[PDB]
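The block underneath contains the structure these notes are about, expressed in structure tokens.
To keep things simple, chains are lettered A, B, C, D, E and F as they appear, and every chain counts its residues starting from 1.
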Amino acid sequence: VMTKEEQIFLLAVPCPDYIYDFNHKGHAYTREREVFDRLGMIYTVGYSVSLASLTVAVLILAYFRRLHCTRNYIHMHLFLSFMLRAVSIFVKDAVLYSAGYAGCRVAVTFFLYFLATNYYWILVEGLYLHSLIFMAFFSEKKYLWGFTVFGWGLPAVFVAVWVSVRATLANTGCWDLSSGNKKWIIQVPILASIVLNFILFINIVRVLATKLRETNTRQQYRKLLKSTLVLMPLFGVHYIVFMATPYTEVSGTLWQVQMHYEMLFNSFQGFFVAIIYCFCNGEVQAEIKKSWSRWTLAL
Amino acid sequence: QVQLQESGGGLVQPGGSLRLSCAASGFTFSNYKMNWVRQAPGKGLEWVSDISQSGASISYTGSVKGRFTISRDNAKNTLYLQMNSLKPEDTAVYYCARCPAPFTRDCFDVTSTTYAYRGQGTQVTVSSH
Amino acid sequence: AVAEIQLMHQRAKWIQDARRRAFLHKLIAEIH
Amino acid sequence: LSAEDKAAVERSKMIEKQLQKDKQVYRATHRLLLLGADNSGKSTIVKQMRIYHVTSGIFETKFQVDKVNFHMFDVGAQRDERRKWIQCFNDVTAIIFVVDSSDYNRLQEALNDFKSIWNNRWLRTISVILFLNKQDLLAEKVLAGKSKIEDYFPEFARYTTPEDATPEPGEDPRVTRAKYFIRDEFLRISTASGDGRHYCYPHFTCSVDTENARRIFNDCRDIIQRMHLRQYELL
Amino acid sequence: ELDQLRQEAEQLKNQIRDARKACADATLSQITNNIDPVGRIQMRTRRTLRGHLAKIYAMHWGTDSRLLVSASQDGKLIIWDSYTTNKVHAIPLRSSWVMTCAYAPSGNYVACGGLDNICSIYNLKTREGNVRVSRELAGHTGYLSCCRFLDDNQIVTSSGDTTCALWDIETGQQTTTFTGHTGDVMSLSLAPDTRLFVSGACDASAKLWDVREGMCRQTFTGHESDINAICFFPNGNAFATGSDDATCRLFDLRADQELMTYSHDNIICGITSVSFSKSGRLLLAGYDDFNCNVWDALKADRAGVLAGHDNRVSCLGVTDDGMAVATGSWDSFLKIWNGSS
Amino acid sequence: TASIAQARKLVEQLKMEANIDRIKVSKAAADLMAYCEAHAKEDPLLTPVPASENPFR
């Protein structure tokens, strides 16, 4: 562990004589790299594509003032969280790759905070969608400030608590290295959040069933399947697929496929969400067509 | 001025055949939906049948369904109504009504007693002598 | 386990172990 | 900035905050449009909802159900021509269309009115709540047997009771068949056009039953939820 | 008896048609072909009004062309300053379903009405500066479709009961009644001298009435569907009518015949609001296709298109000096359009 | 009923409308063209106004 098996191993030194190996005579004077590089390239490309698509979608949505609504505001917040997560990941990759420097800890903290905010906004999307059926329908509908506080301050509070605990307990150089169960302080909430979001997804599906049978025919099942497919990226369903898998050694089979699945689906989640909610949306397409027609007529 | 003139009617024996003609002038006949209304003695206006612009969708009321046939001729700008197997309860005055708006599928005030886009109508009396 | 957090922890652990392993290998190559 | 300009700005700000309060009040209150024939029991429903609370032109009734305010508007004094002012109700939460099921002769008029309001250009995105009123009168008329719906509607001869029917346990099967025939006759017209942008909620009303307003409540809730499902393109 | 009267009426109609044919020698478009065409017209949205909660139904410009009144189905009547976009007054309305509004020429009173069949007039120059219901007018048996002030004490209103009324503010009772329409009267236009007014009904008819005398003068039935809007020419000898048949028609009082027809194959939806410019050279008509069209009043050509409304345009007004055109739409936004060099 | 009275009133209205002098449509069209041309320079919509004089800037 670390470079301390030489500084504290001065006893220029004979053989230890208490180790079965390292014969007492005399005196003391690739595949993992390939898979790591492949995963890095895959998730870097995915995050770059997602960032480009999301910033284009944000610009398009901000251009049209009529699209301004609570649902679109929450979508904009989610897109901003995804963009910040991608930027933080890129900065962390640049800094850590290619000893207690302030920049290391700052980059790690920013990456963790942006990841937590992204997960919390993914949860907030499902929370608002579920509220629109049970809480909101027939009740004040605006809760933008409350959801914003929940998605920003609470991740900030828990990240600050984790930073304080790390500084007080170990503070061992860069904070990339994990020390004990302290990392769970970040892992325990976020994963649980995802679980809650998953539950909400199921509830949404239940709603998406109970109305359809009221209005009726295999077209009902086709529409239900389409709605489930377009709602899967929003709720982060793919997280629960490999959430149950604990920490595993790099030289393994389950770990490698889990890492590939995560670095593909999480990377493409932003791109899929942008396509679904900003390119296939009827209102956005209609507004773009109207703007293009007006521009052509004016010119 | 939008006007419609109706021809055909009078005394008719029960179970016979009758032809009602309507000539409309002052507007494009192919653009508007056409309707037939009846007013019985002591009873209000009631919708009978309707035909669309192209005649693809033709509908009748349940009282006379399968008994009356309504058609239109855009080239001659006229409306025809063939009535067969008449009944004494059909003794009434017939009005031909036009859709209030063009290129629409809904008729709102066709059966209205003060509707202006309708003809004077003709009396048909199904009696046995 | 969070995917990104687990990956970064494993990569940092491998780096820390591999620098030590390279040091040990280069120190023992001269001896043997 | 001029003093007069500053006074105008502050007065505009006061007007803006008043309008914001008015908007907050308005969004929490739903609006409903009542339609029906003269012989229909619309007046009885209005009287019941007024007493329970939970020249003139138009009548307004305010009732609160589950801490939710509803304003129901009824036509007070208007001519038989309704092709123009109906466009004023293109943004109402729901349209309660009450139909008298006891008058077979005027049932065709009710069907024509429902078809006209269902296919209206400015009523395409407005859901209509259907109340088949006078259920007791319809049951008594069916049990009497003096008049049959076959003469008025020949299609009733070939009609069959739906499998998914839920009749009252102490109800004659003929009454159930007739009421479901009327319900399906309305449903065929409703489903003939619309493409799913607006929905119909056929309910059987006894004109004295208390649940009716609650039913509307539930119906309106569903509509709002469906509206949300049309915002996310889930339907 | 009835048959003889109907035959006499038909003979009189035929005689009137023969007289109209005899007095018609050349078409308006035939002699306007030698004038310079107006050409393409482009107008930009200088100002946008926001704050209403429901669809805008009607609006009216003031005498000074600075303050305007906007009516929306949310039960609020809002006075807008066209220059600085500041709101002057926000009058709460007892009846939320308001279909028309009017602004007095002196700017001291504002009128509104709708499905309640009551014409409510409020005083904007109260002693304490608080708007209160100055007067309520009752007697119409139909929805109030259009109201226009004549002076500080008289107003002309039209309702759906095929009847127009003249109301005196001091007494609150009708003084002159105009009858003769068969369909619902939609809108009326006052002459510049306030001596005659022409109103269109939902029977493809437009009738001219005298305020002081109180009987119809000319009747025009050149349209095919219900006429929704009508505007008066600046000279006072002509008017224009827009109907659901996607066709505008220009009628002349002295000629007693239609002057020009404005229609095109690409436009098939109804017409909601029409108005003339200061000189009458251009006719602005809002349609159900979420926009307005400015037609050349002489050559019957589409001079320009004003688009940018998310819903149908309900009301269109032109200032007295013609500085800008205010168009209200059901999207709860009122847009001010003007041209630039 | 009032049908007879309404018909008589309509006949009287048609009679009083018939006995009016009608100007030829050509003269009315010429007068309208002259009026439009006279006020053409006073129409801000027909002739755009420079932003210096236009208050809607």
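By definition in this document, contacts are C-beta pairs under 8 Å (C-beta built on N, C-alpha and C of every residue); 3 or more make two chains touch, one makes a residue touch a chain.
Going by UniProt, the chains are E = Guanine nucleotide-binding protein G(I)/G(S)/G(T) subunit beta-1; F = Guanine nucleotide-binding protein G(I)/G(S)/G(O) subunit gamma-2.
Two chain pairs are in question, A-E and A-D; the one with more C-beta pairs in contact is A-D. Each chain gets one centre point, the mean of its Cα atoms, and the points for chain C and chain F are 94 Å apart.
Taking each chain's centre as the average of its CA atoms, chain D and chain E sit 33 Å apart. A straight line joining the Cα centres of chain A and chain B is 69 Å long.
For this pair, chain C with chain E, the centres built from the Cα atoms lie 84 Å apart. Which chains touch which is summed up as A-C, A-D, A-E, B-D, B-E, D-E, E-F. For chain A in complex with chain E, the touching residues are 66, 294, 297-298.
Against chain F, in their complex, chain E makes its touches with residues 1-2, 5-6, 8-9, 12-13, 15-16, 19-20, 23-26, 28, 31-32, 35, 38, 41, 46-47, 82-83, 180, 215-219, 233-235, 237-238, 252, 254-257, 259, 277-282, 294, 297-298, 318, 321-325, 336, 338-341. Note for the complex: chain A touches chain D at residues 71, 129, 132-133, 136-141, 207-208, 211-212, 214-215, 223, 227, 230-231, 280-282. On the side of chain F, the complex with chain E involves touching residues 3-4, 7-8, 10-11, 13-15, 17-18, 20, 22-26, 28-33, 35-36, 39-40, 42-46, 48-51, 54-57. On the chain B side of its complex with chain E, the touching residues are 1-2, 26-28, 100-103, 114, 116-117, 120.
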